[PDB]
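Undergrad:
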Amino acid sequence: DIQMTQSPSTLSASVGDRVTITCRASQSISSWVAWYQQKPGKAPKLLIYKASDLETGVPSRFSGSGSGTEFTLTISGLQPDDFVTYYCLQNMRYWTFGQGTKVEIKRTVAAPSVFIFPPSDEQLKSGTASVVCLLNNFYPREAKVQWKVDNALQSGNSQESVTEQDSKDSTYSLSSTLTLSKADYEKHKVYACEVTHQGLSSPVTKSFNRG
Amino acid sequence: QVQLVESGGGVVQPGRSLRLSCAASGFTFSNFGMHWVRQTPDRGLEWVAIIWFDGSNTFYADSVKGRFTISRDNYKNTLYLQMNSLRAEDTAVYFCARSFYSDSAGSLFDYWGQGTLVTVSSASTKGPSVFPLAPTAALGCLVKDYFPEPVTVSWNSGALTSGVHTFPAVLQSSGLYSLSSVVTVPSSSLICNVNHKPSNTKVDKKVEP
Amino acid sequence: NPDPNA
């Protein structure tokens, strides 16, 4: 098969910028390259075909170039509605997409607002214990969370997710859930959440004595 | 206008089967080749199969050869996909896609459907347990142990919208999803509405400090 | 990829 790889995976820019996404093929495919744009929850939309031909109705700020193995999509003057995901497709032998590139709004650094939540009592009588750590409205998206129980790291017993970039703050929010048994929960007392982010000049920890 | 509508998605036990349909309208279905394309949260866009306008030719991706079958009804104007021996790798949203060909462009996609989710899991449908996240002041709800997705969380019946963050769910080790939904209040403290469609569950929990 | 249409 033919592989397709886009660079970079995530693009950070502001409205009005000129950005370029690069797509490289594992073998020469001449000019058989198209570019699709996917908005969250919606289907892909054709923008460029044949490396450099603009699809009808697509704004002129979109532009593509390339031949052989390397191909570039360029947006001269990013619009607010353009901060989505962009895929390149080969149509020489069958069809192969790239991994996609999210165009993200660049913003000033913003430290997270860290909150820790003890397990609900209705959940404790059920057998399991969940401890939620909330990292609210931060930028950039890169963040590190570590769970400490009586000053002891916790590996393989927590899961997290991050929201979409906010349409009003351009920030991110994270929530990590530490899942322990009731026996393991009432064995200790000091449950802490340590957060490392670029906006923090020092790691922050929000603790809660079991009670 | 062109309209492609997928249906038939749902939860399938590994090794069992499932068939997807796609109702086409707004154009001459009998003149266009049709595609199936799927999308995984962490694998991207993967082409599945293509069928000719008259159904004469048909090609599949290697990962489905022998298990999947693409058919077509040029009278009811419907595309079909018969999926046998479903694996976990097959869990994704399956898109209907009409083929576009020109001498300069080649074979491509132009009009797509809304997509339909296929979940290859061994779990049974279950309602979520809603636990409160009690308290420049943060509070929220925990939607734990439900299958399948999705759940719908709203605060004060769609009124308390500002400062709300409903997070993406996570698949736990039991095969059940869990989800957090937080909201910030001005510390002058003075109810989440979890609704799970498959289990017909509507839970409303109050969060007091 | 050949023409899958008419």
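Those protein sequence lines, which keep their order, are chains D, C and Q.
Counting with the entry's author numbering, you get residues 1 to 94, 96 to 212 for the letters of the first sequence.
Counting with the entry's author numbering, you get residues 1 to 52, 52A, 53 to 82, 82A to 82C, 83 to 100, 100A to 100E, 101 to 126, 135 to 189, 195 to 213 for the letters of the second sequence.
Count along the third sequence from 1, then add 6; that gives the number in the entry's author numbering.
C-beta atoms are modelled at their ideal positions from N, C-alpha and C, and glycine is treated no differently.
1) Rounded to the nearest angstrom, what separates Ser114/D and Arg43/C at their Cα positions?
2) Between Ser177/C and chain Q, is there a C-beta pair that is closer than 8 Å?
3) Just checking my contact of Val19/D with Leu78/D at CB under 8 Å: how many whole Å lie between their CB atoms?
4) By alpha-carbon positions, which one of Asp86/C, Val121/C, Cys140/C, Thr165/C ends up nearest to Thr40/C?
5) Using beta-carbon positions only, say whether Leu18/C and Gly26/C come within less than 8 Å of one another.
6) What's the C-alpha gap between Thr56/D and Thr110/C?
7) Pick helix, strand or coil for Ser7/D, following the three-state DSSP scheme.
8) With DSSP collapsed to three states, give me the class of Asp72/C.
9) List, in order along the chain, the chain Q residues whose C-beta lies closer than 7 Å to that of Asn31/C?
10) Taking the alpha helix (DSSP H) that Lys206/C belongs to, which residues open and close that run?
11) Return no unless some Cβ of chain Q is closer than 8 Å to the Cβ of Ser95/C.
12) Kindly list the residues whose CB is nearer than 7 Å to the CB of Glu105/D, restricted to its own chain and excluding five residues on each side of it in sequence; keep chain order.
13) Taking DSSP's pairing of strands, which residues face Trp35/D in a bridge?
14) Between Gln105/C and chain D, is there a C-beta pair that is closer than 8 Å?
15) Quickly, what does DSSP pair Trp47/C with across the bridge? List them, please.
16) Spell out a yes or no on whether the stretch 126-139 of chain D and the stretch 65-79 of chain D are touching, meaning 3 or more CB-CB pairs, one atom from each, closer than 8 Å.
17) If you count every other CB in all the chains shown that lies within 10 Å of the CB of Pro123/C, and 16 or more means buried, which is it?
18) Under the assumption that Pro126/C contacts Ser188/C (Cβ atoms under 8 Å), give the Cβ distance between them as a whole number of angstroms.
19) Enumerate in chain order the residues of its own chain whose CB-to-CB distance from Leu108/C is below 6 Å, with the five nearest sequence positions on each side excluded.
20) Looking at chain D, which residues of the stretch 195-213 of chain C have a Cβ within less than 7 Å of any of its Cβ atoms?
21) Looking only at DSSP bridge pairs, what is residue 194/C linked to?
22) Alpha carbon to alpha carbon, how far is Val169/C from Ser208/D? Give it in angstroms, no decimals.
23) Check the Cβ of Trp52/C against every Cβ in chain Q and list those closer than 7 Å, keeping chain order.
24) Assign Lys169/D to one of three DSSP states: helix, strand, or coil.
25) I believe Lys149/D touches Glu195/D by the beta-carbon criterion, under 8 Å. Please report the beta-carbon distance rounded to the nearest angstrom.
26) Would you verify that the beta carbon of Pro167/C is, or is not, closer than 8 Å to some beta carbon of chain D?
27) Hey, quick one: how far does the beta strand (DSSP E) through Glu105/D stretch, first residue to last?
28) So that I know if they touch, is there some Cβ in chain Q lying closer than 8 Å to that of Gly174/C?
29) Could you tell me which of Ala184/D, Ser131/D, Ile21/D sits nearest to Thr102/D, measuring between CA atoms?
30) Under a three-way DSSP split, which group does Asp144/C fall into?
TA: According to the structure data:
1) Translated into the one-based positions of the first sequence, residue 114/D becomes position 113. Translated into the one-based positions of the second sequence, residue 43/C becomes position 43. Approximately 32 Å between the Cα atoms of the pair.
2) As a position in the second sequence, residue 177/C is number 178, starting the count at 1. Answer no: the Cβ-Cβ gap between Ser177/C and chain Q never drops below 8 Å.
3) The sequence position of residue 19/D within the first sequence is 19, counting from 1. The sequence position of residue 78/D within the first sequence is 78, counting from 1. Correct: roughly 6 Å between the Cβ atoms.
4) Reading the second sequence from its first residue, position 40 is the one you call residue 40/C. Check the Cα spacing between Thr40/C and each of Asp86/C, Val121/C, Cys140/C, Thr165/C: the tightest is with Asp86/C.
5) Taking the second sequence and counting its residues from 1, the one referred to as residue 18/C is at position 18. Taking the second sequence and counting its residues from 1, the one referred to as residue 26/C is at position 26. Contact flag unset, no.
6) One-based indexing of the first sequence puts residue 56/D at position 56. One-based indexing of the second sequence puts residue 110/C at position 119. The straight-line gap from Cα to Cα measures roughly 36 Å.
7) Counted from its first residue, the first sequence places residue 7/D at position 7. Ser7/D falls in the strand class under three-state DSSP.
8) Position 73 of the second sequence, counting from 1, holds the residue named residue 72/C. The three-state reading of DSSP puts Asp72/C in strand, counting E and B together.
9) Taking the second sequence and counting its residues from 1, one reaches residue 31/C at position 31. What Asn31/C touches in chain Q: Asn11, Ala12.
10) Numbered from its first residue, the second sequence carries residue 206/C at position 202. Counting along the chain, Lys206/C falls outside any alpha helix (DSSP H), though it belongs to the beta strand (DSSP E) covering 205-209.
11) One-based indexing of the second sequence puts residue 95/C at position 99. Chain Q, which has a Cβ nearer than 8 Å to the Cβ of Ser95/C, makes this yes.
12) Your numbering for residue 105/D matches position 104 in the first sequence. Contacts found: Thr10, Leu11, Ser12, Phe83, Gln166.
13) Taking the first sequence and counting its residues from 1, one reaches residue 35/D at position 35. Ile48/D, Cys88/D, per the DSSP bridge assignment.
14) Walking along the second sequence from the start, residue 105/C turns up at place 114. Yes, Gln105/C counts as interfacial toward chain D.
15) Position 47 of the second sequence, counting from 1, holds the residue named residue 47/C. DSSP output for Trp47/C lists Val37/C as bridge partner(s).
16) no
17) Along the second sequence, one-based indexing puts residue 123/C at 132. With 16 or more Cβ atoms within 10 Å of its Cβ, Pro123/C is classed as buried.
18) By one-based count along the second sequence, residue 126/C stands at place 135. By one-based count along the second sequence, residue 188/C stands at place 189. Right, their Cβ atoms sit about 7 Å apart.
19) Numbered from its first residue, the second sequence carries residue 108/C at position 117. Excluding positions up to five away in sequence, the list reads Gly9, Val89.
20) none
21) Shown without residue 194/C, the model has chain C running from 189 straight on to 195.
22) Working through the first sequence from its first residue, we reach residue 208/D at position 207. Working through the second sequence from its first residue, we reach residue 169/C at position 170. Taking the straight line from one Cα to the other gives about 24 Å.
23) The residue labelled residue 52/C in the question sits at position 52 within the second sequence. By Cβ distance, chain Q contributes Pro10.
24) Locating residue 169/D in the first sequence gives position 168, counting from the first residue. The three-state secondary structure of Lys169/D, taken from DSSP, is coil.
25) The count along the first sequence starts at 1 and reaches residue 149/D at position 148. The count along the first sequence starts at 1 and reaches residue 195/D at position 194. Correct: roughly 6 Å between the Cβ atoms.
26) Indexing the second sequence from 1 puts residue 167/C at position 168. Yes, because at least one Cβ of chain D sits closer than 8 Å to the Cβ of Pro167/C.
27) Position 104 of the first sequence, counting from 1, holds the residue named residue 105/D. Its beta strand (DSSP E) spans residues 102-106.
28) On the second sequence, position 175 is the one that residue 174/C refers to. Among the residues facing chain Q, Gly174/C is not included, as its CB has no counterpart in that chain under 8 Å away.
29) Translated into positions along the first sequence, residue 102/D becomes position 101. When each option's Cα is compared against that of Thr102/D, the closest is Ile21/D.
30) As a working mapping, residue 144/C is identified with position 145 in the second sequence. Three-state DSSP puts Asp144/C in a strand.
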